[PDB]
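K.L.:
Below: one structure in C-alpha cells.
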Amino acid sequence: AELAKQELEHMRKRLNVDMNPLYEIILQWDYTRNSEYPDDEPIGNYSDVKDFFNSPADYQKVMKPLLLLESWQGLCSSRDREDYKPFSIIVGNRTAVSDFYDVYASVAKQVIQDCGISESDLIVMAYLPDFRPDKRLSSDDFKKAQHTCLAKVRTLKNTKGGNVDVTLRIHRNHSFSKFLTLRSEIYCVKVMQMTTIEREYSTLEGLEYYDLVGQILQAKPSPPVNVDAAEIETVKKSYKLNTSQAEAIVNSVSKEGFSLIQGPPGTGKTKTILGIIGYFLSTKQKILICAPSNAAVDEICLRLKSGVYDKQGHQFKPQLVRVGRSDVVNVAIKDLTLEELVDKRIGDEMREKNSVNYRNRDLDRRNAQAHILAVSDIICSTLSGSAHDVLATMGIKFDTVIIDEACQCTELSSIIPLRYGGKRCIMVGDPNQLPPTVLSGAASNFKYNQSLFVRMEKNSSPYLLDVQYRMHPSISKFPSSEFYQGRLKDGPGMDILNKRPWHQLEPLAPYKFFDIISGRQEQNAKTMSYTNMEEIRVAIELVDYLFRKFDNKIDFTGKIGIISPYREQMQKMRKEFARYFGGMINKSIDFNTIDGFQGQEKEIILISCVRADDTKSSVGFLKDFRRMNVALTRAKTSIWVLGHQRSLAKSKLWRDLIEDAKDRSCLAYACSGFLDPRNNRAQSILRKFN
RNA sequence: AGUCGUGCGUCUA
C-alpha cells in the first residue's frame with residue numbers, strides 16, 4: 001500500500017544517509033591548527049541546546065556545530081595525548097569525485113597492519129622533503145609540519161607482493177593536492193576513527209524520517225495511562241519485583257513512546273531491565289537493548305543468560321544476540337557473539353576452486369547471520385554498535401528499544417538505535433550519575449553534555465526507584481537528603497548486611513571522613529595532574545591496619561577499591577601499594593579513577609581527594625554534584641573519605657557534607673601515621689589542631 | 001580544568 005511504500009522509503013533513506021557533507025566539512029579543517037574551535041567563525045553561530053525545537057531544521061542547525069566542535073576536540077585530543085605510528089605512501093592517480101579527490105596509493109601490508117589502518121579511519125598527510133630517512137618520525141613533526149591535509153580511507157585492496165591499494169578522500173579545494181604528484185612519498189599518520197561520528201551525523205540527518213521525531217523535538221513523554229492495581233500486584237508477585245518497580249514497569253510498558261525510569265545505583269537497575277524484558281515478552285517482537293559501554297552490555301548478557309521469569313513463572317531463555325567484537329566484549333560473552341554463533345551453526349584450476357570455495361563460505365556466513373538475526377528476539381549491543389552495517393542491510397524493525405544509562409550518553413547516541421523503526425522506547429538513567437562523556441568544555445558550555453533523558457526528566461518526572469538494598473542507609477542518607485531530595489527508602493537489610501565485621505570497632509564505621517590537617521599537592525606540567533603524598537600515605541596506613549586486623553579471618557579478594565579524581569594520583573597510589581604490599585594488591589585492592597570505576601561496587605571504597613592546597617579557591621571536578629554522587633554510591637559497607645578540610649569546606653556541597661558528618665560524629669582528624677602511636681609528631685599535630 | 005566513553009576487519013593468489 002501507499003503507507004507501506006512510504007515507510008520503506010523512509011527506512012531506506014534513514015539507513016542510506018550520504019556521508020559526503022560530513023567529509024566535506026571535516027576535511028576542510030587544518031590538522032596543525034591549535035584552537036578551541038575548528039575554524040575562526042564568529043562564536044555567535046554556536047547556540048545552546050534548546051529545550052523545545054520548532055522544526056527538525058532548527059534542531060539540525062543547532063546540533064551540527066556542536067557535533068563539529070566535538071569532532072575537532074576529539075581530533076586534537078588524539079593528536080596530543082596519543083601518538084600513532086607514522087607511515088609513508090606513494091601517490092597515484094587522482095579521481096575527481098563530487099567536491100572531493102580520491103587518491104590511490106600503494107602501501108606495505110606489514111606497515112598498515114602495525115599501524116592499524118581500517119576502511120573507516122581518518123589520517124593526516126604531509127610532505128617533508130628535508131625529513132631524514134633515519135629520523136624517528138612522530139606526530140610532533142606532523143603538528144609542526146608546514147603543510148598538512150586531512151584524508152579519509154575509503155577502500156583497502158590487497159594484491160600480490162603484499163601491496164595494499166588505499167583510496168584516500170581529501171577536499172578538492174585543499175591546496176595540498178598540488179603536492180600529490182605521481183611517484184611522490186607522502187608521510188601519513190592516523191588521527192582517529194570516524195565511524196561513530198559518521199553514525200551520529202547520519203542519525204542527525206535522518207531524524208526527520210524517524211517515527212518518534214515529534215516526541216524527540218518536543219521532548220514531552222506520552223501521558224501516563226492508568227492500569228489496574230490487580231495486574232500490577234500479579235506482575236510483582238510473578239516476577240518477584242518491588243511494588244514501586246513493578247508499578248513503574250507496568251506504567252512504562254502500557255504507554256507507547258518514550259518511557260523514563262530513574263534508577264539510582266543499587267536499586268536493581270539490571271533487575272528492573274530484566275523485569276521489563278520479561279513483561280514485554282510475556283505480553284515475534286524483537287527487542288533491542290543498547291548501552292553506552294561494552295561493560296554494561298556484557299553485564300546485561302550475563303544476567304539474561306540465567307533466564308527471565310514470565311508471568312506464569314516458567315523461566316525461559318530467548319535467543320540473545322551480541323553485536324560486538326570478541327576482543328572488546330567480555331570472554332564469557334564470546335559464545336553469545338554473532339560470529340561464534342554463526343561458526344557453530346555452520347559447523348589455475350586450483351586457484352579458481354579456492355576462490356569459489358571462499359565465496360561460498362562468505363555467502364553461507366551471510367545467510368547464517370541473517371537467519372540468526374531474523375530468529376533472534378533480544379539483541380544487546382552499544383549505542384554506536386546498534387547502527388552496524390549488518391543490521392542496516394537486514395532492515396528489520398525493532399518495535400521495542402531499551403536504552404541503559406540514558407544519562408551517560410549523548411542525545412545523538414541514544415537516538416542512533418531508533419533508526420530501525422523504533423515505535424516504543426524505554427530509557428533508563430539516573431541524572432545524579434556521571435554526565436555523558438564529553439571531550440570539549442566549550443561544547444559542555446553549550447549544553448552539549450546534556451542528554452535527551454535530562455530534557456525528558458525536566459519535562460516530566462520519571463518513576464524514581466525509592467527502594468535500595470546494597471547501599472547502606474547511612475551512605476544513602478546524605479545523597480537522599482541533598483542529591484535525590486528525598487524519595488529514597490532503605491530496604492529491609494538496613495543493618496543486616498552480611499559483611500557485619502569491621503563495623504563494631506570504633507575506628508572503622510560504615511561512613512567516615514578522615515581529613516588531613518596539612519597536605520601539599522604538586523602539579524606536573526606534562527600531565528597537569530595534581531599528586532599528593534599525604535593522601536597516599538594515609539590510604540596505605542589504613543589499608544595496612546585493616547589487613548592486620550583481619551589478615552586471616554577475612555579475605556579481601558576484590559573487596560577494597562581506591563578511587564581518586566585524578567589519573568596520576570591513582571597511578572601513584574597503585575605504584576606505592578605494589579612497592580609496599582607487593583603482588584597481593586593485584587586482586588585484593590582495585591585502583592581506578594572515579595569515572596572509570598563507575599559500574600563497579602565493592603565492600604570498602606576509599607575516595608581520595610587530591611585538592612589540598614588552599615592557595616587557589618578553584619575546586620575543580622569536585623564541585624560537580626554528579627561526580628560526588630557517583631563516588632559515594634559505588635560503596636556498599638565502608639567509605640573512607642580522604643581530603644584537606646579547608647579545600648573541601650570551600651565548596652558549598654562539600655561544606656554541607658562536612659557539616660552533616662560533624663552532626664553524625666563522622667569527622668575524625670587524621671594525618672601521617674594516624675594509627676602509629678610511636679610517631680609522637682602525629683599525636684602532637686593532632687592535639688594542637690584540636 | 002586535567003579526565004573519558006565510543007568504532008573497525010578477518011583466504012588470496
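Please note that chains go A, B, ... in the order of the C-alpha cells, that every chain numbers its residues from 1, and that ligands are numbered from 1 in the order shown.
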Applying 9 Å and only C-alpha atoms (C1' of nucleotides), which residues near residue 3 of chain B remain after dropping the ones on its own chain fewer than 3 positions away? List them as a PDB file with C-alpha atoms, in the first residue's frame.
P.N.:
```
ATOM      1  CA  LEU A 439      35.780  15.902  25.230  1.00  0.00           C
ATOM      2  CA  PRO A 565      39.539  12.080  40.816  1.00  0.00           C
ATOM      3  CA  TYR A 566      42.926  12.281  39.066  1.00  0.00           C
ATOM      4  CA  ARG A 567      44.528   9.535  36.987  1.00  0.00           C
ATOM      5  CA  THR A 593      39.638   6.529  38.586  1.00  0.00           C
ATOM      6  CA  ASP A 595      34.832   7.894  36.335  1.00  0.00           C
TER       7      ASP A 595
END
```
K.L.:
Give the strand (DSSP E or B) residues of segment 402-475 of chain A, as DSSP finds them on the backbone, and put them as JSON, numbers by chain.
P.N.:
{"A": [402, 403, 424, 425, 426, 427, 428, 463, 464, 467, 468]}
K.L.:
Just want the 7 Å neighbourhood of residue 409 of chain A, counted on only C-alpha atoms (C1' of nucleotides), with same-chain residues fewer than 6 positions away dropped. Output as an MDAnalysis selection string.
P.N.:
chainID A and resid 292 436:437 451
K.L.:
Go ahead and write the residues just picked, N, CA and C atoms, as a PDB file, in the first residue's frame.
P.N.:
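Written file, out.pdb:
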```pdb
ATOM      1  N   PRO A 292      25.721   2.445  26.678  1.00  0.00           N
ATOM      2  CA  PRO A 292      26.840   3.300  26.243  1.00  0.00           C
ATOM      3  C   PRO A 292      28.168   2.570  26.160  1.00  0.00           C
ATOM      4  N   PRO A 436      27.070  12.534  30.538  1.00  0.00           N
ATOM      5  CA  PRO A 436      27.596  11.884  29.332  1.00  0.00           C
ATOM      6  C   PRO A 436      29.014  12.344  29.026  1.00  0.00           C
ATOM      7  N   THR A 437      29.821  11.417  28.517  1.00  0.00           N
ATOM      8  CA  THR A 437      31.210  11.724  28.205  1.00  0.00           C
ATOM      9  C   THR A 437      31.291  12.826  27.155  1.00  0.00           C
ATOM     10  N   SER A 451      22.018  15.362  28.038  1.00  0.00           N
ATOM     11  CA  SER A 451      21.451  14.289  27.235  1.00  0.00           C
ATOM     12  C   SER A 451      19.953  14.501  27.048  1.00  0.00           C
TER      13      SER A 451
END
```
K.L.:
If we count only C-alpha atoms (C1' of nucleotides), which residues of chain B reach to within 6 Å of chain A? Please list them as a list in words.
P.N.:
residues 2, 5, 7 and 8 of chain B
K.L.:
Between A:644, A:353, A:264, A:477, single out the one closest to residue 12 of chain B, counting only C-alpha atoms (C1' of nucleotides).
P.N.:
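For residue 12 of chain B, the nearest of the candidates is A:353.
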K.L.:
Show me, as a list in words, the residues that have an atom within 12 Å of residue 179 of chain A when counting only C-alpha atoms (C1' of nucleotides), minus same-chain residues fewer than 4 positions from it.
P.N.:
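Once the adjacent positions are removed, what remains is residues 90, 91, 92, 94, 125, 126, 127, 128, 129, 147, 148, 149, 174, 175, 183, 184, 185, 186 and 187 of chain A.
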K.L.:
To one decimal in Å, tell me the separation between atom CA of residue 251 of chain A and atom CA of residue 463 of chain A.
P.N.:
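For atom CA of residue 251 of chain A relative to atom CA of residue 463 of chain A, the distance reads 9.1 Å.
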K.L.:
Find, counting only C-alpha atoms, the residue in A:627, A:169, A:455, A:397 that gets nearest to residue 411 of chain A.
P.N.:
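Of the candidates, the smallest distance to residue 411 of chain A is held by A:455.
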K.L.:
List the spatial neighbours of residue 113 of chain A as a list in words - criterion: any atom at most 12 Å away, only C-alpha atoms (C1' of nucleotides), same-chain residues fewer than 5 positions off excluded.
P.N.:
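The residues satisfying every condition are residues 85, 87, 107, 108, 118, 156, 158, 162, 163 and 164 of chain A; 9 and 10 of chain B.
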